[PDB]
Amino acid sequence: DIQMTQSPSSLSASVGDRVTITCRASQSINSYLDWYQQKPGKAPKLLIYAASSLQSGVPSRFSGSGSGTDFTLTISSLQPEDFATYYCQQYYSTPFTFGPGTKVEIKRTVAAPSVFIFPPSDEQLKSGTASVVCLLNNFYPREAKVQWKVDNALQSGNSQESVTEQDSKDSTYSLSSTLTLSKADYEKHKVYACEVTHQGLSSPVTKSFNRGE
Amino acid sequence: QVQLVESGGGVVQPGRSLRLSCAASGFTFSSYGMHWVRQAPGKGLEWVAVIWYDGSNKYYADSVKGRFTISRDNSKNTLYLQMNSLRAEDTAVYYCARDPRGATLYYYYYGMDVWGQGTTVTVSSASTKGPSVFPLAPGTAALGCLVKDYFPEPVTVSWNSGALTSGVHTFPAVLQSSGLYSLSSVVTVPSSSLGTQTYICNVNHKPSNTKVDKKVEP
């Protein structure tokens, strides 16, 4: 089979920018390449076929080039409606393979997250389980790192993270981390701390609480 | 009003089988190749199968070869995908798409130029189950709701019955090792309004016919 790769994984751009993303085939696929645009919760949409031909109805600010193993998709002037994920696809040989996609996101100034930590509720505890939540709110860019400590001991394997899509208004992201324990463990410990790493912060920020205070 | 309409999605236990249908209309179905493409939650597009305009030949992705069968009936304007021996990793939205493949416009016109809307397949052993809703108690304060242990997707969450929308962040759900989903929904409010403003998350889980209104209090 033929392997497709893309680069970069994500890029931050502004309206009016000239955007260029690339696709690479593991072997020559001549001009047998499609480009697609997809927006969250919707079907892909054909932009370019045969490496350089514009699909009917698609704005001319889009274009494509390359042949063989290297291809590019270019948006001459980014419009608000172009912030999306873009995929290449070879149809030179079966099985037909997509690239991993390049997410074109909205650039903004660095914004450090706001950190909140929540103890498990009385109600949850009555049912034998403890969930401790740390919120990283309204930061940019998307790369952020959360870490849990219980009585200064380092947790691993008991947390799960989730991240929002780029907010439409301020273009920030938000992150939720949930530390899940048995009610019995939770009550054998005192200090619960979420430690956050992010470009917007001089040094990591720690939010903590003492159990039952 | 060229249109592809998928159907047949749903929950299915691992090892069991399922059939998707894609009804085509508004064009000459018998002149187009057809693809199935799927997208796992949070993942990119993965190609599943293709079949040519006259059902001549059919090709499959390696991960579904031997287990999936693509077929078509040109007198019913329909494309099918028979899925057997379903595995957890098969869980996705499945799309059908048409592909002229040089049949029209240009001999080099190859591409999926029209897509269906997608139909979700979920492969899991879990039983339908409504969520538990726990409060995340609070110049700006954060509060929220932890929506825990439900199956299947999705839940919808609103605050004060849709009245409160600014500063609301409802995260993507995560699948726990239990096979049950969990998500949280949070909102930041002025610290002043606590005690003066009431905050209630509204959660509904239609597959359980479960509806829960949770007051989130300081």
# chains A, B, ... in the order shown; residues from 1 in each chain; ligands from 1

$ closest_atom_pairs --of "stretch 99-200 of chain A" --to "stretch 27-38 of chain A" --cutoff "12 Å" --atoms "only C-alpha atoms" --output "CSV"
residue,atom,partner,partner_atom,distance
A:99,CA,A:35,CA,9.6
A:100,CA,A:36,CA,11.5
A:101,CA,A:36,CA,9.1
A:102,CA,A:37,CA,9.6
A:103,CA,A:38,CA,9.4
A:104,CA,A:37,CA,10.2

$ write_last_selection --atoms "N, CA, C and O atoms" --output "tab-separated table (two decimals), in the first residue's frame"
chain	number	residue	atom	x	y	z
A	99	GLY	N	-4.22	11.04	4.09
A	99	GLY	CA	-3.26	11.62	5.02
A	99	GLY	C	-3.95	11.87	6.36
A	99	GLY	O	-5.18	11.79	6.44
A	100	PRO	N	-3.17	12.18	7.42
A	100	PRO	CA	-3.73	12.29	8.77
A	100	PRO	C	-4.52	13.58	8.97
A	100	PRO	O	-5.26	13.72	9.94
A	101	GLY	N	-4.35	14.53	8.06
A	101	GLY	CA	-5.08	15.79	8.18
A	101	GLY	C	-4.23	16.90	8.76
A	101	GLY	O	-3.36	16.65	9.60
A	102	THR	N	-4.47	18.13	8.31
A	102	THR	CA	-3.80	19.29	8.88
A	102	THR	C	-4.84	20.27	9.40
A	102	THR	O	-5.68	20.78	8.66
A	103	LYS	N	-4.78	20.54	10.69
A	103	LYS	CA	-5.76	21.40	11.29
A	103	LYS	C	-5.33	22.85	11.16
A	103	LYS	O	-4.30	23.24	11.69
A	104	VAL	N	-6.10	23.63	10.41
A	104	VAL	CA	-5.83	25.06	10.29
A	104	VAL	C	-6.64	25.81	11.34
A	104	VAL	O	-7.87	25.88	11.24

$ interface_residues --of "chain B" --to "chain A" --cutoff "6 Å" --atoms "only C-alpha atoms" --output "PyMOL selection string"
chain B and resi 44+61+113+171

$ select_by_dssp --residues "stretch 11-169 of chain B" --states "strand (DSSP E)" --output "VMD selection string"
chain B and resid 11 to 12 18 to 25 33 to 39 45 to 51 58 to 60 68 to 73 78 to 83 92 to 99 114 to 115 119 to 123 132 to 136 140 to 150 156 to 159 168 to 169

$ residues_around --residues "stretch 54-59 of chain B" --least-positions-apart "3" --cutoff "10 Å" --atoms "only C-alpha atoms" --output "JSON, numbers by chain"
{"A": [94, 95, 96], "B": [29, 30, 31, 32, 33, 34, 35, 48, 49, 50, 51, 62, 65, 69, 70, 71, 72, 73, 74, 79]}

$ residues_around --residues "residue B:17" --least-positions-apart "2" --cutoff "9 Å" --atoms "only C-alpha atoms" --output "PDB file with N, CA and C atoms, in the first residue's frame"
ATOM      1  N   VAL B  12     -23.883  -2.294  18.641  1.00  0.00           N
ATOM      2  CA  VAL B  12     -23.775  -3.705  18.311  1.00  0.00           C
ATOM      3  C   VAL B  12     -22.663  -4.321  19.163  1.00  0.00           C
ATOM      4  N   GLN B  13     -22.916  -5.506  19.698  1.00  0.00           N
ATOM      5  CA  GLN B  13     -21.923  -6.192  20.510  1.00  0.00           C
ATOM      6  C   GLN B  13     -20.776  -6.680  19.645  1.00  0.00           C
ATOM      7  N   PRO B  14     -19.557  -6.707  20.199  1.00  0.00           N
ATOM      8  CA  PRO B  14     -18.402  -7.227  19.468  1.00  0.00           C
ATOM      9  C   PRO B  14     -18.673  -8.627  18.924  1.00  0.00           C
ATOM     10  N   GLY B  15     -18.185  -8.919  17.721  1.00  0.00           N
ATOM     11  CA  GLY B  15     -18.330 -10.241  17.144  1.00  0.00           C
ATOM     12  C   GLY B  15     -19.616 -10.382  16.358  1.00  0.00           C
ATOM     13  N   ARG B  19     -25.499  -4.104   8.931  1.00  0.00           N
ATOM     14  CA  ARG B  19     -25.588  -3.698   7.519  1.00  0.00           C
ATOM     15  C   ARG B  19     -25.950  -2.236   7.347  1.00  0.00           C
ATOM     16  N   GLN B  82     -22.046  -4.615   4.279  1.00  0.00           N
ATOM     17  CA  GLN B  82     -22.284  -5.692   5.223  1.00  0.00           C
ATOM     18  C   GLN B  82     -21.059  -5.829   6.119  1.00  0.00           C
ATOM     19  N   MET B  83     -21.245  -5.606   7.423  1.00  0.00           N
ATOM     20  CA  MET B  83     -20.140  -5.674   8.389  1.00  0.00           C
ATOM     21  C   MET B  83     -20.273  -6.851   9.342  1.00  0.00           C
ATOM     22  N   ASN B  84     -19.378  -7.825   9.236  1.00  0.00           N
ATOM     23  CA  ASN B  84     -19.410  -8.966  10.161  1.00  0.00           C
ATOM     24  C   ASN B  84     -18.218  -8.978  11.114  1.00  0.00           C
ATOM     25  N   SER B  85     -18.284  -9.811  12.149  1.00  0.00           N
ATOM     26  CA  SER B  85     -17.198  -9.942  13.128  1.00  0.00           C
ATOM     27  C   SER B  85     -16.711  -8.599  13.598  1.00  0.00           C
ATOM     28  N   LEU B  86     -17.649  -7.761  14.013  1.00  0.00           N
ATOM     29  CA  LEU B  86     -17.335  -6.395  14.405  1.00  0.00           C
ATOM     30  C   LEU B  86     -16.479  -6.340  15.667  1.00  0.00           C
TER      31      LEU B  86
END

$ atom_distance --atom1 "atom CA of residue A:125" --atom2 "atom CA of residue A:183"
6.2 Å

$ residues_around --residues "residue B:186" --least-positions-apart "2" --cutoff "10 Å" --atoms "only C-alpha atoms" --output "JSON, numbers by chain"
{"A": [135, 137, 174, 176], "B": [135, 136, 142, 143, 144, 145, 146, 159, 167, 168, 169, 170, 171, 184, 188, 189, 201]}

$ residues_around --residues "residue A:172" --least-positions-apart "4" --cutoff "8 Å" --atoms "only C-alpha atoms" --output "list in words"
residues 111, 138, 139, 140, 141, 142, 166 and 167 of chain A

$ residues_around --residues "residue B:117" --least-positions-apart "5" --cutoff "7 Å" --atoms "only C-alpha atoms" --output "PyMOL selection string"
(chain A and resi 43) or (chain B and resi 5-6+95)

$ write_last_selection --atoms "N, CA, C and O atoms" --output "PDB file, in the first residue's frame"
ATOM      1  N   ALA A  43     -19.623  16.389   7.052  1.00  0.00           N
ATOM      2  CA  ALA A  43     -18.997  15.599   5.979  1.00  0.00           C
ATOM      3  C   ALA A  43     -17.880  16.362   5.293  1.00  0.00           C
ATOM      4  O   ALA A  43     -17.977  17.567   5.132  1.00  0.00           O
TER       5      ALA A  43
ATOM      6  N   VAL B   5     -28.098   9.325   1.356  1.00  0.00           N
ATOM      7  CA  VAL B   5     -28.595   9.200   2.721  1.00  0.00           C
ATOM      8  C   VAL B   5     -28.241   7.856   3.326  1.00  0.00           C
ATOM      9  O   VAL B   5     -28.777   6.823   2.924  1.00  0.00           O
ATOM     10  N   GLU B   6     -27.320   7.874   4.287  1.00  0.00           N
ATOM     11  CA  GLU B   6     -26.937   6.653   4.994  1.00  0.00           C
ATOM     12  C   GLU B   6     -28.026   6.235   5.983  1.00  0.00           C
ATOM     13  O   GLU B   6     -28.775   7.072   6.480  1.00  0.00           O
ATOM     14  N   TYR B  95     -19.326   7.080   6.444  1.00  0.00           N
ATOM     15  CA  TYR B  95     -19.832   7.901   5.352  1.00  0.00           C
ATOM     16  C   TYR B  95     -19.823   7.099   4.076  1.00  0.00           C
ATOM     17  O   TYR B  95     -18.895   6.338   3.816  1.00  0.00           O
TER      18      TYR B  95
END

$ select_by_dssp --residues "stretch 17-213 of chain B" --states "helix (DSSP H, G or I)" --output "PDB file with N, CA and C atoms, in the first residue's frame"
ATOM      1  N   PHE B  29     -26.897   7.135 -10.540  1.00  0.00           N
ATOM      2  CA  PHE B  29     -26.120   6.310  -9.619  1.00  0.00           C
ATOM      3  C   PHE B  29     -25.243   5.289 -10.330  1.00  0.00           C
ATOM      4  N   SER B  30     -25.757   4.719 -11.420  1.00  0.00           N
ATOM      5  CA  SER B  30     -25.076   3.627 -12.125  1.00  0.00           C
ATOM      6  C   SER B  30     -23.836   4.063 -12.906  1.00  0.00           C
ATOM      7  N   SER B  31     -23.568   5.361 -12.947  1.00  0.00           N
ATOM      8  CA  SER B  31     -22.369   5.857 -13.627  1.00  0.00           C
ATOM      9  C   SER B  31     -21.261   6.254 -12.656  1.00  0.00           C
ATOM     10  N   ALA B  88     -14.175  -3.639  18.558  1.00  0.00           N
ATOM     11  CA  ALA B  88     -14.227  -2.331  19.210  1.00  0.00           C
ATOM     12  C   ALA B  88     -13.670  -1.226  18.311  1.00  0.00           C
ATOM     13  N   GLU B  89     -12.514  -1.497  17.718  1.00  0.00           N
ATOM     14  CA  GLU B  89     -11.846  -0.547  16.843  1.00  0.00           C
ATOM     15  C   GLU B  89     -12.667  -0.157  15.583  1.00  0.00           C
ATOM     16  N   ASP B  90     -13.789  -0.841  15.308  1.00  0.00           N
ATOM     17  CA  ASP B  90     -14.659  -0.513  14.148  1.00  0.00           C
ATOM     18  C   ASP B  90     -15.642   0.632  14.403  1.00  0.00           C
ATOM     19  N   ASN B 160     -29.320  26.304  33.012  1.00  0.00           N
ATOM     20  CA  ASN B 160     -30.544  27.067  33.232  1.00  0.00           C
ATOM     21  C   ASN B 160     -31.499  26.973  32.037  1.00  0.00           C
ATOM     22  N   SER B 161     -31.640  25.762  31.503  1.00  0.00           N
ATOM     23  CA  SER B 161     -32.566  25.444  30.415  1.00  0.00           C
ATOM     24  C   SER B 161     -32.230  26.133  29.079  1.00  0.00           C
ATOM     25  N   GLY B 162     -30.965  26.479  28.883  1.00  0.00           N
ATOM     26  CA  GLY B 162     -30.525  27.097  27.646  1.00  0.00           C
ATOM     27  C   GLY B 162     -30.358  28.593  27.822  1.00  0.00           C
ATOM     28  N   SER B 191     -18.255  36.076  40.480  1.00  0.00           N
ATOM     29  CA  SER B 191     -18.277  35.545  41.833  1.00  0.00           C
ATOM     30  C   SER B 191     -19.397  36.179  42.642  1.00  0.00           C
ATOM     31  N   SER B 192     -19.727  37.411  42.278  1.00  0.00           N
ATOM     32  CA  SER B 192     -20.752  38.175  42.969  1.00  0.00           C
ATOM     33  C   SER B 192     -22.127  37.513  42.884  1.00  0.00           C
ATOM     34  N   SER B 193     -22.453  36.967  41.720  1.00  0.00           N
ATOM     35  CA  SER B 193     -23.793  36.440  41.478  1.00  0.00           C
ATOM     36  C   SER B 193     -24.087  35.121  42.197  1.00  0.00           C
ATOM     37  N   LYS B 206     -31.220  10.686  25.930  1.00  0.00           N
ATOM     38  CA  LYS B 206     -32.430  10.187  25.289  1.00  0.00           C
ATOM     39  C   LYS B 206     -32.487   8.656  25.201  1.00  0.00           C
ATOM     40  N   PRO B 207     -31.368   7.983  24.852  1.00  0.00           N
ATOM     41  CA  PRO B 207     -31.462   6.513  24.828  1.00  0.00           C
ATOM     42  C   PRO B 207     -31.895   5.843  26.161  1.00  0.00           C
ATOM     43  N   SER B 208     -31.633   6.464  27.316  1.00  0.00           N
ATOM     44  CA  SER B 208     -32.159   5.980  28.599  1.00  0.00           C
ATOM     45  C   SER B 208     -33.501   6.589  28.972  1.00  0.00           C
TER      46      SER B 208
END

$ closest_residue --among "B:80, B:110, B:181, B:150" --to "residue B:7" --atoms "only C-alpha atoms"
B:80
